[PDB]
């Protein structure tokens, strides 16, 4: 099989979610955090032609940057990975499945309770400023006919009543009320425009961020509240 730079770039975003991964034959990739808070999946243009688990995905990807962009990769005689370059060969260890955490099946996200969206710059600003104001948690809520994202410092603001940041998304004429809480540490979303689908059913809350390139599913906090 071959890995293009586009695929490689998405795999690099995945490695920040889980340092390891299980690649399965097909044009599809997915991963899930060890703590189960963040899920990611994407359709790729490359065809994976063998199943193999990688313990250190990031270092593997970096190694691909050192060989021909069309380097052919396959499983070697010893069960490990072989990377065939023009005049050289790079062998990389194949991990035993038991040493990495991975999704056994893709996530089928429920029908959304509410849909909104965030633009590339807005997302970029939220991520940029969150780090500078120690925003460790955000809340997506309905306010004044709009869906808004408030950022807080859970540590010194245990009740999330003093926002240090606020971003307006889309208009909301709906009937329901909600305050979905997200741990900023799970927002490993790569830059881009996303359709945001929020879901709540009793004590179960989750969010899905979808772009033309990747889809993420992030679990929401227990202090979340909704009318649905």
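Numbering follows the first chain given and starts at 1.
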Q. What stretch has the higher average Cα B-factor here, 82-90 or 129-137?
A. 129-137
Q.
Going by the mean C-alpha B-factor recorded in the entry, which is higher: 6-14 or 200-208?
A. 200-208
Q) For the listed residues 60, 178, 194, 55, which one has the largest C-alpha B-factor as given in the deposited model? A) 178
**Q.** Residue of maximum C-alpha B factor among 95, 101, 155, 118, per deposited coordinates
**A.** 155
Q) Would the CA B-factor of residue 49 place it in the lowest, middle or highest third of its chain? A) middle
Q) C-alpha B factor of residue 162, ranked within the chain: lowest, middle or highest third? A) highest
Q | residue 168 CA temperature factor, ranked by third within the chain | A | middle
Q) Looking at the C-alpha B-factor of residue 31, is it in the lowest, middle or highest third of its chain? A) lowest
Q: Within this chain's modelled residues, let me know which third the CA B factor of residue 68 belongs to: lowest, middle or highest.
A: highest
